[PDB]
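Residue numbers (UniProt numbering), protein chains in the order written: chain A, 371 to 422; chain B, 5 to 290; chain C, 157 to 310; chain D, 283 to 376; chain E, 305 to 456.
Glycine included, every Cβ here is placed at the ideal spot set by N, Cα and C.
Notes follow the structure.
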Amino acid sequence: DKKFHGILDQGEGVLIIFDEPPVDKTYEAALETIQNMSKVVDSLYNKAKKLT
Amino acid sequence: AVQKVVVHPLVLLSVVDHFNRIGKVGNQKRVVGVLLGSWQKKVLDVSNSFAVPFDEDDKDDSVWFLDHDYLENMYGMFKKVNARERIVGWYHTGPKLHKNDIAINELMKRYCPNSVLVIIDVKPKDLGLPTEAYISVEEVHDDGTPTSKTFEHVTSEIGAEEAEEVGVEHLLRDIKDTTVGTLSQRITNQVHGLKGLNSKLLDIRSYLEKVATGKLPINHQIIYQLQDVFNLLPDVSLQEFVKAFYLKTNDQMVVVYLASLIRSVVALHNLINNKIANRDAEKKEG
Amino acid sequence: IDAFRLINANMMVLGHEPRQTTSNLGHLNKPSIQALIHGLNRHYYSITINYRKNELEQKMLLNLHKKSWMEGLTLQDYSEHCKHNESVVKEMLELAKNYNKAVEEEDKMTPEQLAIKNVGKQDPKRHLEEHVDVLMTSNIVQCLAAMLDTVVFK
Amino acid sequence: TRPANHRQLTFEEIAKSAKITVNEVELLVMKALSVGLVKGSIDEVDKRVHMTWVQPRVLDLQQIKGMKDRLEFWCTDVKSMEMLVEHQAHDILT
Amino acid sequence: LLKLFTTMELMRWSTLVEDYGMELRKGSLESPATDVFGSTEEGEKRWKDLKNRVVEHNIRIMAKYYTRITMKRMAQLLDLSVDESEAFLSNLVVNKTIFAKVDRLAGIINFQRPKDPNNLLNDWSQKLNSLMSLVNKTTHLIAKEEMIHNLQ
């Protein structure tokens with residue numbers, strides 16, 4: 371339930387605690403611009419197809 | 005402490021005219037004048053300057069002249085025409101400072117309590133930043149100096165004002181310049197940077213070759229203060245620093261890879277928009 | 157800047173300059189309409205101004221906007237530099253959202269009428285060239301200065 | 283003595299050259315850190331005592347001889363690597 | 305009393321009592337320390353608080369001068385059990401006046417902080433900017449000054 375940043379081990383009986391990285395933001399916004407650039411080439415693709 | 009000064013570009017030019025007044029002697033005649041500034045803050049301002057007569061010999065550098073009477077009347081004129089302005093210090097034009105240059109300060113500390121000098125350079129053979137300024141303190145040493153009195157380095161920069169940026173940059177039109185060019189100044193800046201690095205190393209080994217062998221005082225100045233410079237010298241390519249270039253440079257590579265991916269599509273719009281406008285203006289003309 | 161030279165009124169019929177060259181006749185302008193309304197060429201005559209330069213001040217008037225090697229070898233800070241890249245790309249996504257609509261749109265309007273319905277709030281293709289230039293020159297110099305601080309140092 | 287290459291020295295050479303026992307070298311080096319002639323750190327899972335900063339001392343002729351050899355080997359590499367920037371870009375930077 | 309001030313002068317509470325066993329009871333003025341320790345209910349609070357302040361004293365310089373420290377060495381340099389060591393580091397990290405990390409399947413704990421390549425590359429450039437270029441500017445000017453004193 372994300373109350374806690376941890377992980378457990380059955381073969382060890384051991385609770386392990388790690389921290390949280392705020393890093394994954396540049397790559398997330400990177401690929402969404404590629405989704406927008408997919409459509410503007412499609413908007414140019416029929417533009418050349420409708421007339422050379 | 006003062007911790008920087010701000011020099012307007014009206015001076016650095018109102019010095020060089022006075023070097024051009026008496027410059028017919030050619031060989032050597034140092035220009036000394038009076039500096040005018042603002043009792044501003046911890047940070048200090050420099051606005052105006054004027055000259056004063058001064059001569060000095062080659063041997064026995066203790067025979068020198070500052071006309072006090074000329075310094076009283078002409079500053080009395082500038083106090084008369086300008087009440088905002090008062091004295092802050094002095095300047096001299098010598099490329100490297102001389103041995104005489106401390107008694108001149110010891111004269112005019114009775115005018116301003118912190119009288120500050122500015123060394124300028126009429127001939128910066130160094131292509132780097134000229135016109136550096138000093139201030140005198142006492143640093144009485146373990147050796148038993150009764151008064152260890154030597155000037156201290158103070159950083160400095162060229163000031164700016166709205167009227168003088170008009171007149172200066174009008175006169176910059178006699179040569180070409182790229183201030184508007186992005187990354188063309190930048191590549192020169194590491195060229196102008198590392199040229200400064202090589203210049204300071206050729207100077208320091210010339211001092212270090214002399215003090216090694218034959219002749220120089222070997223004193224407990226720089227030779228271990230410069231040993232501390234070697235102590236830093238980061239060990240760049242080692243265990244965990246490799247994971248600083250391969251986790252952070254490739255971050256900045258993706259943003260460049262994003263920026264190219266749009267710039268190519270933008271230039272591809274200009275193809276079809278030109279190729280439609282080319283042949284359809286042709287096929288209706290014919 | 158401007159400089160003038162008084163002429164007599166007693167010689168208003170007789171010539172005042174012998175005019176043996178072209179240098180003060182058609183050069184640097186024809187006289188302006190708001191200055192000839194009082195002056196030129198009644199009661200005085202204008203005069204030309206140039207700029208003589210000694211070599212000594214010319215050499216130092218050239219170089220007063222440069223710095224030491226400290227400014228040439230900075231690495232700004234990687235937290236804000238990544239934050240600035242995180243900032244600029246984020247609205248650059250939104251510029252691409254608006255860019256899909258307008259380029260696809262293209263009402264057949266004889267594009268000077270496209271060029272009158274764009275003054276307003278309309279801005280595709282203009283910020284899109286702009287932010288790419290900012291993301292380029294920031295990232296290249298931040299990399300390349302970090303390149304030299306390992307090759308040169310140790 | 284060692285030129286900052288593996289200056290993370292372990293306890294044994296401290297305990298040998300100072301000829302104090304093993305369980306007292308930590309109280310020994312924390313004294314020198316407290317006075318402030320050194321600015322290192324102490325590990326205990328390996329018991330290696332890393333060194334960062336040494337105070338500057340007096341030296342002599344042959345220390346200057348190696349120091350110019352450090353300086354010349356550093357000076358001529360900066361100039362060579364600065365040529366490689368300008369040689370790469372001649373008429374590109376104006 | 306100045307011995308407790310800076311860097312522990314490495315101290316011990318048992319050596320403290322052997323040096324201070326008579327400032328409680330003997331002396332010529334004697335009156336604050338009996339108010340500190342001699343009265344029973346006020347002393348017993350101030351006995352254990354003096355215990356609290358000396359163990360708070362040592363953990364601070366341990367965080368200064370240890371990359372890591374084992375579990376056994378901390379218990380013998382505080383002269384108390386490994387259980388009571390865990391209680392002292394617990395109520396000072398929920399105070400978060402000393403950050404720590406008691407990895408106890410091995411006993412090896414650390415006093416350092418997990419770093420970032422945003423932080424590690426920053427500290428590399430920080431030594432590179434402040435103390436490789438500015439001190440390089442410094443040494444050249446004093447080297448200019450030695451010409452003036454010496455030739456001629």
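Annotated as distal: residue 289 of chain C and residue 231 of chain C, with beta-carbon spacing of 8 Å or more. Closer than 8 Å at the C-beta level to chain D, one finds these residues of the segment 212-242 of chain B: 212, 213, 215, 216, 217, 224, 227, 228, 229, 231, 232, 234, 235, 237 and 239.
Going by beta carbons, residue 360 of chain D and residue 201 of chain B fall inside the 8 Å limit. For residue 330 of chain D, the enclosing beta strand (DSSP E) stretches over residues 330-332. One alpha carbon belongs to residue 263 of chain C, the other to residue 245 of chain B, and they sit about 56 Å apart. Shown here, residue 268 of chain B sits in a helix according to DSSP, grouped into three states.
Non-local C-beta neighbours of residue 7 of chain B in its own chain, meaning closer than 8 Å and more than five positions away in sequence, comprise 46, 47, 158 and 159, ordered along the chain. Where residue 302 of chain C is concerned, the enclosing alpha helix (DSSP H) starts and stops at 283-307. Secondary structure of residue 364 of chain E (DSSP, three-state): helix.
For residue 265 of chain C, no chain A residue has a Cβ inside 9 Å of its Cβ, as the nearest lies near 16 Å away.
Within the model, the alpha-carbon separation for residue 18 of chain B versus residue 433 of chain E is close to 35 Å. Take residue 284 of chain C, set aside five residues on each side of it, and the residues of its chain with a beta-carbon closer than 7 Å to its own are 251 and 255, in chain order. Contacts with chain B at 8 Å (Cβ-Cβ) include residue 347 of chain D. Scanning the segment 122-209 of chain B from its first residue to its last, the whole alpha helix (DSSP H) runs of 4-plus residues come out as 166-175.
Given a length threshold of 4 residues, each whole run of the alpha helix (DSSP H) inside the segment 300-364 of chain D is given here in chain order: 307-317. At the C-beta level, residue 139 of chain B and residue 120 of chain B come within 8 Å of one another. Chain D has a Cβ within less than 8 Å of the Cβ of residue 209 of chain B.
Counting every other CB atom within 10 Å of its CB across the protein chains shown gives residue 214 of chain C a total below 16, marking it as exposed.
When DSSP states are grouped into helix, strand and coil, residue 441 of chain E belongs to the helix group.
Secondary structure at residue 264 of chain C: coil, using DSSP grouped into helix, strand and coil. Three or more Cβ pairs closer than 8 Å define a contact, and the segment 204-213 of chain B meets that threshold against the segment 342-353 of chain D.
A Cβ-Cβ separation of about 21 Å leaves residue 295 of chain C out of contact with residue 240 of chain B under the 8 Å criterion. In this structure, the straight-line span from the alpha carbon of residue 207 of chain C to that of residue 344 of chain D is close to 59 Å. For residue 378 of chain A, the enclosing beta strand (DSSP E) begins and ends at 376-379. Distance between residue 75 of chain B and residue 244 of chain C, taken at the CA atoms: about 58 Å.
At least one beta carbon of chain C lies nearer than 8 Å to the beta carbon of residue 410 of chain A. Of the candidates B:83, B:216, B:16 and B:184, the residue whose Cα lies closest to the Cα of residue 212 of chain C is B:16. When DSSP reads this structure, residue 164 of chain C sits in no beta bridge, so it has no partner. Residue 72 of chain B is not a Cβ neighbour of residue 35 of chain B, given a cutoff of 8 Å. Among the residues facing chain C, residue 425 of chain E is included, as its CB has a counterpart in that chain under 8 Å away. Taking a C-beta distance under 8 Å as the contact criterion, residue 222 of chain C and residue 196 of chain B qualify as a contact pair.
Taking one beta carbon from each stretch, the segment 99-117 of chain B and the segment 164-182 of chain B have fewer than 3 pairs nearer than 8 Å; the two do not touch. Look at residue 402 of chain E here: in three-state DSSP terms it is coil, with no helix or strand label. In chain D, no part has a C-beta under 9 Å from the C-beta of residue 275 of chain C; the shortest such distance is about 37 Å.
With the rule of 3 Cβ pairs closer than 8 Å, the segment 405-416 of chain E counts as touching the segment 366-374 of chain E. Three or more beta-carbon pairs drawn from the segment 93-112 of chain B and the segment 56-69 of chain B are found closer than 8 Å, and the two stretches are therefore classed as touching.
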